[PDB]
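The structure under discussion appears below in the form of structure tokens.
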Amino acid sequence: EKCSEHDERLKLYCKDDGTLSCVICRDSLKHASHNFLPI
Ligand SMILES: [Zn+2]
């Protein structure tokens, strides 16, 4: 999961997959559209 420097516990991924743009960290808090990858 990229989503680096941003939440003290949130890290995740979206990318095309039926749901365009989703939780930017399994929740999307203080992220908005930064970036993240899936474990
Ligand atoms: Zn994040």
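Chain identifiers are assigned as A, B, and so on, following the order in which chains appear in the structure tokens; residues are numbered from 1 within each chain, and ligands are numbered from 1 in order of appearance.
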Report as JSON lines: every residue of chain A with an atom at most 9 Å from ligand 1, its closest pair of atoms, and their distance in Å to one decimal, counting only C-alpha atoms and all ligand atoms, with rows sorted by chain and ascending residue number.
{"residue": "A:1", "atom": "CA", "partner": "ligand 1", "partner_atom_place_in_ligand_line": "1 (Zn)", "distance": 8.4}
{"residue": "A:2", "atom": "CA", "partner": "ligand 1", "partner_atom_place_in_ligand_line": "1 (Zn)", "distance": 7.9}
{"residue": "A:3", "atom": "CA", "partner": "ligand 1", "partner_atom_place_in_ligand_line": "1 (Zn)", "distance": 4.3}
{"residue": "A:4", "atom": "CA", "partner": "ligand 1", "partner_atom_place_in_ligand_line": "1 (Zn)", "distance": 6.4}
{"residue": "A:5", "atom": "CA", "partner": "ligand 1", "partner_atom_place_in_ligand_line": "1 (Zn)", "distance": 7.5}
{"residue": "A:6", "atom": "CA", "partner": "ligand 1", "partner_atom_place_in_ligand_line": "1 (Zn)", "distance": 5.4}
{"residue": "A:7", "atom": "CA", "partner": "ligand 1", "partner_atom_place_in_ligand_line": "1 (Zn)", "distance": 5.4}
{"residue": "A:8", "atom": "CA", "partner": "ligand 1", "partner_atom_place_in_ligand_line": "1 (Zn)", "distance": 8.4}
{"residue": "A:9", "atom": "CA", "partner": "ligand 1", "partner_atom_place_in_ligand_line": "1 (Zn)", "distance": 7.8}
{"residue": "A:10", "atom": "CA", "partner": "ligand 1", "partner_atom_place_in_ligand_line": "1 (Zn)", "distance": 4.7}
{"residue": "A:11", "atom": "CA", "partner": "ligand 1", "partner_atom_place_in_ligand_line": "1 (Zn)", "distance": 4.4}
{"residue": "A:12", "atom": "CA", "partner": "ligand 1", "partner_atom_place_in_ligand_line": "1 (Zn)", "distance": 6.5}
{"residue": "A:13", "atom": "CA", "partner": "ligand 1", "partner_atom_place_in_ligand_line": "1 (Zn)", "distance": 8.6}
{"residue": "A:24", "atom": "CA", "partner": "ligand 1", "partner_atom_place_in_ligand_line": "1 (Zn)", "distance": 6.1}
{"residue": "A:25", "atom": "CA", "partner": "ligand 1", "partner_atom_place_in_ligand_line": "1 (Zn)", "distance": 4.6}
{"residue": "A:26", "atom": "CA", "partner": "ligand 1", "partner_atom_place_in_ligand_line": "1 (Zn)", "distance": 8.2}
{"residue": "A:27", "atom": "CA", "partner": "ligand 1", "partner_atom_place_in_ligand_line": "1 (Zn)", "distance": 8.5}
{"residue": "A:28", "atom": "CA", "partner": "ligand 1", "partner_atom_place_in_ligand_line": "1 (Zn)", "distance": 6.9}
{"residue": "A:29", "atom": "CA", "partner": "ligand 1", "partner_atom_place_in_ligand_line": "1 (Zn)", "distance": 7.4}
{"residue": "A:30", "atom": "CA", "partner": "ligand 1", "partner_atom_place_in_ligand_line": "1 (Zn)", "distance": 7.7}
{"residue": "A:31", "atom": "CA", "partner": "ligand 1", "partner_atom_place_in_ligand_line": "1 (Zn)", "distance": 5.8}
{"residue": "A:34", "atom": "CA", "partner": "ligand 1", "partner_atom_place_in_ligand_line": "1 (Zn)", "distance": 7.4}
{"residue": "A:35", "atom": "CA", "partner": "ligand 1", "partner_atom_place_in_ligand_line": "1 (Zn)", "distance": 7.0}
{"residue": "A:36", "atom": "CA", "partner": "ligand 1", "partner_atom_place_in_ligand_line": "1 (Zn)", "distance": 6.3}
Those same residues, written as a short mmCIF file (atom, residue, chain, number, x, y, z; two decimals), in the first residue's frame with N, CA, C and O atoms?
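Written output follows (again.cif):
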data_model
loop_
_atom_site.label_atom_id
_atom_site.label_comp_id
_atom_site.auth_asym_id
_atom_site.auth_seq_id
_atom_site.Cartn_x
_atom_site.Cartn_y
_atom_site.Cartn_z
N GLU A 1 0.86 -1.21 0.00
CA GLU A 1 0.00 0.00 0.00
C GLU A 1 0.89 1.25 0.00
O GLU A 1 1.64 1.48 0.92
N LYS A 2 0.79 2.07 -1.02
CA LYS A 2 1.62 3.30 -1.05
C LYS A 2 1.14 4.21 0.07
O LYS A 2 1.74 4.24 1.13
N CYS A 3 0.06 4.93 -0.16
CA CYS A 3 -0.53 5.86 0.87
C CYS A 3 0.49 6.08 1.99
O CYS A 3 0.32 5.61 3.10
N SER A 4 1.56 6.76 1.70
CA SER A 4 2.61 6.98 2.72
C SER A 4 2.41 8.33 3.40
O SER A 4 1.77 9.21 2.87
N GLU A 5 2.96 8.49 4.58
CA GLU A 5 2.83 9.79 5.32
C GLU A 5 1.42 10.34 5.14
O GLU A 5 1.10 10.97 4.16
N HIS A 6 0.56 10.10 6.09
CA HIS A 6 -0.82 10.60 5.96
C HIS A 6 -1.66 10.17 7.19
O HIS A 6 -2.11 11.01 7.94
N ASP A 7 -1.87 8.89 7.43
CA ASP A 7 -2.66 8.50 8.62
C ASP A 7 -1.78 7.63 9.52
O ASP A 7 -0.94 6.88 9.05
N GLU A 8 -1.95 7.72 10.81
CA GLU A 8 -1.11 6.90 11.72
C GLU A 8 -1.72 5.51 11.88
O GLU A 8 -1.83 4.99 12.97
N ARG A 9 -2.12 4.90 10.79
CA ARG A 9 -2.73 3.53 10.87
C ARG A 9 -3.52 3.22 9.59
O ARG A 9 -3.89 2.09 9.36
N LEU A 10 -3.81 4.20 8.77
CA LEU A 10 -4.60 3.91 7.54
C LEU A 10 -3.68 3.72 6.34
O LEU A 10 -2.87 4.56 6.01
N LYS A 11 -3.83 2.62 5.65
CA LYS A 11 -3.02 2.33 4.42
C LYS A 11 -3.87 1.38 3.53
O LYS A 11 -4.44 0.43 4.04
N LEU A 12 -4.02 1.60 2.23
CA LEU A 12 -4.89 0.65 1.45
C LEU A 12 -4.74 0.80 -0.08
O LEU A 12 -3.69 1.05 -0.54
N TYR A 13 -5.81 0.63 -0.85
CA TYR A 13 -5.73 0.74 -2.35
C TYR A 13 -7.12 0.80 -3.01
O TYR A 13 -8.10 0.29 -2.49
N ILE A 24 -9.87 5.61 0.32
CA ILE A 24 -8.44 5.80 -0.08
C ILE A 24 -7.54 5.17 0.99
O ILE A 24 -6.33 5.31 0.98
N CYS A 25 -8.10 4.45 1.90
CA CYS A 25 -7.27 3.80 2.93
C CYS A 25 -8.18 2.90 3.72
O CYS A 25 -8.07 2.75 4.92
N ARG A 26 -9.12 2.34 3.03
CA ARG A 26 -10.12 1.47 3.70
C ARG A 26 -11.14 2.37 4.39
O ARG A 26 -12.08 1.91 5.01
N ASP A 27 -10.97 3.67 4.27
CA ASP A 27 -11.92 4.61 4.90
C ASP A 27 -11.84 5.96 4.19
O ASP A 27 -12.84 6.60 3.94
N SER A 28 -10.65 6.39 3.85
CA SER A 28 -10.50 7.70 3.13
C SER A 28 -10.60 8.86 4.12
O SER A 28 -11.42 9.75 3.98
N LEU A 29 -9.76 8.89 5.13
CA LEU A 29 -9.83 10.02 6.10
C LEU A 29 -8.57 10.87 5.98
O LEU A 29 -7.46 10.38 6.08
N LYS A 30 -8.72 12.15 5.74
CA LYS A 30 -7.53 13.03 5.60
C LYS A 30 -6.76 12.63 4.34
O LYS A 30 -5.65 13.07 4.12
N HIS A 31 -7.34 11.79 3.53
CA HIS A 31 -6.64 11.35 2.29
C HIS A 31 -7.23 12.09 1.09
O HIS A 31 -6.53 12.79 0.38
N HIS A 34 -5.02 11.16 -2.28
CA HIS A 34 -3.54 10.95 -2.29
C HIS A 34 -3.24 9.68 -3.10
O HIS A 34 -3.10 9.72 -4.30
N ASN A 35 -3.15 8.55 -2.45
CA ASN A 35 -2.88 7.29 -3.21
C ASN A 35 -2.68 6.13 -2.23
O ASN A 35 -2.28 6.31 -1.10
N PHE A 36 -2.93 4.92 -2.67
CA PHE A 36 -2.73 3.75 -1.77
C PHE A 36 -2.72 2.43 -2.58
O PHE A 36 -3.37 2.31 -3.61
#
